[PDB]
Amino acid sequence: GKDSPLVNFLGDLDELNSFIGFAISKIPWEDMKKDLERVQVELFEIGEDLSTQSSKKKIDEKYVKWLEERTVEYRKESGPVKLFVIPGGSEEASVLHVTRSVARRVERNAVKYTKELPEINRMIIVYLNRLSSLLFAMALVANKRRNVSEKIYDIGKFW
């Protein structure tokens, strides 16, 4: 039976994974390609965690850790940015922002699916949350590397 919470969650993961594959094909920098390729493998691990109630794979803090550390490294390169950043700029940053918004849609759906499947590993939602911040940091670096300035809808805070 389809349309189930599990099938839909796996479907959302695949959609996100496919946009990531598209971002990788449009980004020329090896550091970002390497990081994103690791995320794709881990999205498959997340799917196996979900599909086997954490029996075959179990997402834990180390997965989340790596996302946070890479996020810190990209931000070190881009430097501080005013919030909010209007998504866009270089085609590389633009595709990363699209991918980021899809990751956020999967994150919201995951919270909803957890209501129907309380057994879902909570670390999965944390991973998804950290992933969107990593994608955001990568988009900032993409524009910097492309000599493109960030467009801001200024709310008075910076990151």
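In this text, residue numbers run from 1 along the sequence as written.
- Annotation for 11-19 versus 147-155: the higher mean temperature factor (C-alpha) is found in 147-155.
- Stretches compared: 97-105, 121-129. Higher mean C-alpha B-factor in the entry: 121-129.
- The residue among 35, 69, 92, 42 whose C-alpha atom has the highest B-factor in the PDB entry is 69.
- Compared with the other modelled residues of the chain, the Cα B-factor recorded for residue 46 ranks in the lowest third.
- Per-chain ranking of the deposited C-alpha B factor places residue 64 in the highest third.
- Annotation for residue 27: CA B-factor lies in the middle third of the chain's modelled residues.
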